[PDB]
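Student: Just dropping this structure here.
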Amino acid sequence: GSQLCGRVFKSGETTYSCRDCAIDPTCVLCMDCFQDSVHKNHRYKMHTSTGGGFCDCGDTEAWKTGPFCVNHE
Ligand SMILES: [K+]
Ligand SMILES: [Zn+2]
Ligand SMILES: [Zn+2]
Ligand SMILES: [Zn+2]
């Protein structure tokens, strides 16, 4: 029983992309999902939302590995 996070970022919020696993340049995670995921042990990059955009945790098509954090698995 797996879940999509779906979090929509607030302006100024830090987001996290995994350069090892991202399928496309937009794939990103919210902090909560990132720190509960394999990708905090990978080559990751920080970004700032200007308001909106959304976490891709749970999207099996957005990630080469580790599409779910341990809360959404
Ligand atoms: K996204
Ligand atoms: Zn999330
Ligand atoms: Zn998650
Ligand atoms: Zn990764």
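Numbering starts fresh at 1 for the residues of each chain in the structure tokens, the chains themselves are lettered A, B, ... in the order given, and ligands are numbered from 1 as they appear.
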Which residues form the shell of 7 Å around ligand 4 when you count only C-alpha atoms and all ligand atoms, given as a PyMOL selection string?
Tutor: chain A and resi 18-22+38-39+42-43+65-66
Student: Residues within 9 Å of ligand 2 (only C-alpha atoms and all ligand atoms), as an mmCIF file with C-alpha atoms, in the first residue's frame?
Tutor:
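This is the output file part.cif:
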```cif
data_model
loop_
_atom_site.group_PDB
_atom_site.id
_atom_site.type_symbol
_atom_site.label_atom_id
_atom_site.label_comp_id
_atom_site.auth_asym_id
_atom_site.auth_seq_id
_atom_site.Cartn_x
_atom_site.Cartn_y
_atom_site.Cartn_z
ATOM 1 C CA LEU A 4 2.172 9.702 -3.308
ATOM 2 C CA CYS A 5 3.424 12.551 -1.146
ATOM 3 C CA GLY A 6 1.956 15.335 -3.290
ATOM 4 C CA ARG A 7 3.270 18.186 -1.116
ATOM 5 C CA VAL A 8 3.105 21.576 -2.833
ATOM 6 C CA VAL A 28 12.357 16.854 -6.695
ATOM 7 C CA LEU A 29 11.563 15.864 -3.110
ATOM 8 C CA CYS A 30 10.309 17.700 -0.047
ATOM 9 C CA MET A 31 12.583 17.757 2.962
ATOM 10 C CA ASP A 32 10.552 15.216 4.962
ATOM 11 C CA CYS A 33 10.638 12.668 2.150
ATOM 12 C CA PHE A 34 14.288 13.351 1.259
ATOM 13 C CA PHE A 54 5.441 19.562 -5.859
ATOM 14 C CA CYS A 55 7.227 16.609 -4.286
ATOM 15 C CA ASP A 56 7.675 13.572 -6.587
ATOM 16 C CA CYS A 57 7.956 11.002 -3.770
ATOM 17 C CA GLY A 58 5.835 7.989 -4.672
ATOM 18 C CA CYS A 69 10.581 7.347 1.225
ATOM 19 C CA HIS A 72 5.138 6.632 1.685
#
```
Student: Would you please extract all helix (DSSP H, G or I) residues from segment 26-66 of chain A, as assigned by DSSP on the backbone, and give them as a PyMOL selection string?
Tutor: chain A and resi 31-35+38-41
Student: Enter the distance from atom CA of residue 11 of chain A to atom CA of residue 68 of chain A, in Å, rounded to one decimal.
Tutor: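 Calculated distance between atom CA of residue 11 of chain A and atom CA of residue 68 of chain A is 24.2 Å.
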Student: Would you work out the distance separating atom CA of residue 12 of chain A from atom CA of residue 26 of chain A, expressed in Å to one decimal?
Tutor: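 A separation of 17.0 Å between them.
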Student: List every residue of chain A that DSSP, applied to the backbone of this structure, assigns to strand (DSSP E or B), and report them as a ChimeraX atom specification.
Tutor: /A:8,14-18,22,29,44-48,54,63
Student: Have a look at A:37, A:24, A:71, A:14 and name the one nearest to residue 52 of chain A; count only C-alpha atoms.
Tutor: A:14
Student: Using only C-alpha atoms and all ligand atoms, which of A:25, A:73, A:48, A:1 sits nearest ligand 1?
Tutor: A:25
